[PDB]
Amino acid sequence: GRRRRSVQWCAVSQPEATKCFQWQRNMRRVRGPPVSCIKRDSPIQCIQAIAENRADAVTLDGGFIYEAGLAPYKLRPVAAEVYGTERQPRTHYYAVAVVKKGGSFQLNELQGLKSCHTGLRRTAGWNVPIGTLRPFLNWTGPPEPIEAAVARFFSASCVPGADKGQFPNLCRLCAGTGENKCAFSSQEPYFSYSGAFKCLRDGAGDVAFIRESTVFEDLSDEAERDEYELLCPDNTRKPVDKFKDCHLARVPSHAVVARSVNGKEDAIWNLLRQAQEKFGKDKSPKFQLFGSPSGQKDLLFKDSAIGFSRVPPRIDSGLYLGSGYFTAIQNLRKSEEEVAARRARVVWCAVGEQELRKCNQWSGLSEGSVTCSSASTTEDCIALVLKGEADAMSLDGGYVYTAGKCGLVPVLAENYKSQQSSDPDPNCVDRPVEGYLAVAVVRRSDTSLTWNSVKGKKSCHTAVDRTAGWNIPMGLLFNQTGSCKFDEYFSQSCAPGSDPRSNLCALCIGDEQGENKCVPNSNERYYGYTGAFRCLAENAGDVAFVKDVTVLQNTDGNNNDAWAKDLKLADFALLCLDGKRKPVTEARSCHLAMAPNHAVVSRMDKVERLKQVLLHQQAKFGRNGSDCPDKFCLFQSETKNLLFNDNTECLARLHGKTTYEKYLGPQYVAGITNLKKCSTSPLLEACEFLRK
């Protein structure tokens, strides 16, 4: 037969353990998957237990998801709590500031007042309120903890888990008896959402920092809910049911975490899917997964949560938290000077070592304004910008699709020499973009090869998901065949970013030492426009999917690299969609499609600053730049197209095309959306979940 010992759940107190044991027997009784219980005293202790295989799983507030994701622990959210109603379920909630009706004070008039918080380091109880209130605190920055600043700001507080000895003021309102006063557990009555609300009901505090549902969970009579109002960020008060218009932040729901390593994801999800169906929202009078004995609240999971939702594998704690909240958490340990220096600075994302070296030279010359981050794929760079770890990169239109689905926006586009219509152009920055031509290049010798007989031959691609190299040729082919089976369009290929064991990687050669085969960065010698052309010129493939200028740039002594030095434009032809073949110089009547210019993308929070930096930087290191070619040229890398295309004339403005749909256009977006039905990336799955 088989075996599965169990999933080891960490409880953080005794009533938790109690509920965890009674869950255990109800799983055995109903014959479902087994869960066993571990006991600790704190979230941190559960995070520790899990990282050293003494437990599998624990539910955590967003604040502790952040902690859990740091080294040495490296934990990952695997399942989100779902709130709302089965009609309108949601994996987020709202941090609100609740007050009694009858006072005049607003969110900016809180000094000297008394406060009720759920707990130190918690989302709604601490991180959001304290980050919102920051400009009123007169905090000097480290080494003095921000706690000291809030201790002087409110006259008295209950902040469970605060240091009663260092910050006695933060524990003064706490209703705990003895050593239980101000503790991070239910021994302290004013702990967590309901505890903080009770601190307000009792009149112990003037303000409670809680979630939007607390007043509805704890007050059944709707006439008693009227005695309460919300503080809105626009310095007004509004009724408690108007939380959507009146909240301090919208935040990700609590999540079950697990090891990133041998995490047991499947068993945890298997247990949770089963537990939820059998003991969920009023399913069994035997046991309520999301209920707590009338002594207590929120044991193991949030009371009245309605289920779980599985977190896609690509999501780590930072992606889970979102750029806003993730960077806001980090900012609580930083001075306002440091925070404002990071806003001023542009962190570039480099894909691979070669782009990293060039970005490093730019950085040194940028007068503090540009710095560098790096990853081994473009998707990984996109993730770094979502975590606010990097800010910017230039992307092929195919990747702009992915970036946009993830919420990033185009800011400036690569502009290229204008079809015999502009000069060495003073007005490049405002000249609207013209697109580039996607072409199918073949050898002249290959007289019998046409568009019509291209299926089954050997193919060279820039990378998977790029415009000229992938989306256009494969999109045209998909339009005939109907087949999602992309690895059978051609006998063999180099298509970087594909499965190394597939036919799509067969012709890739990897680096100078034969490592990194089929890797979607410049280490693979066949990567990108230049590498897909090379793949053809060295007889690896029979067709290369590139742009017209690529052939021009790599023939007739235009590229003096060993592989390229003796190639002639006349040895190459284009495949036209009408089955004819033409010279490269006739691309205008023999191209597969027009591709949108590569664009620099970023987060919405960086757009204006990014524009100032890039415009200033290109004035110095651009084509007509003051310090180019003397010191450094941004748009030069000897046919390697590092960071930008080498034929970029300038970075230009978008003229209203400020979203990916407007920039790429409705036709191109339809095409890719179609292609993506055949298979989506982890990152796209990840972004779907995060945008819900």
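Start at 1 and count along the sequence shown; that's the residue number.
- In this entry, 550 to 558 shows the higher mean Cα temperature factor of the pair 550 to 558 and 596 to 604.
- The mean C-alpha temperature factor is higher for 265 to 273 when 343 to 351 and 265 to 273 are set side by side.
- When the C-alpha B-factors of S220, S192, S498, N521 are read from the PDB record, the largest value belongs to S220.
- Take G205, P410, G291, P129 and read off each C-alpha B-factor from the entry; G291 has the highest.
- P629: CA B factor lies in the highest third for its chain, per the PDB record.
- Among the modelled residues of its chain, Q48 has a C-alpha B-factor that falls in the middle third according to the deposited record.
- For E638, the recorded CA B-factor ranks within the highest third of the chain. Only modelled residues enter the ranking.
- Among all modelled residues in this chain, the alpha-carbon of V257 has a temperature factor (C-alpha) in the lowest third.
- Sorting the modelled residues of the chain by their CA temperature factor places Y416 in the middle third.
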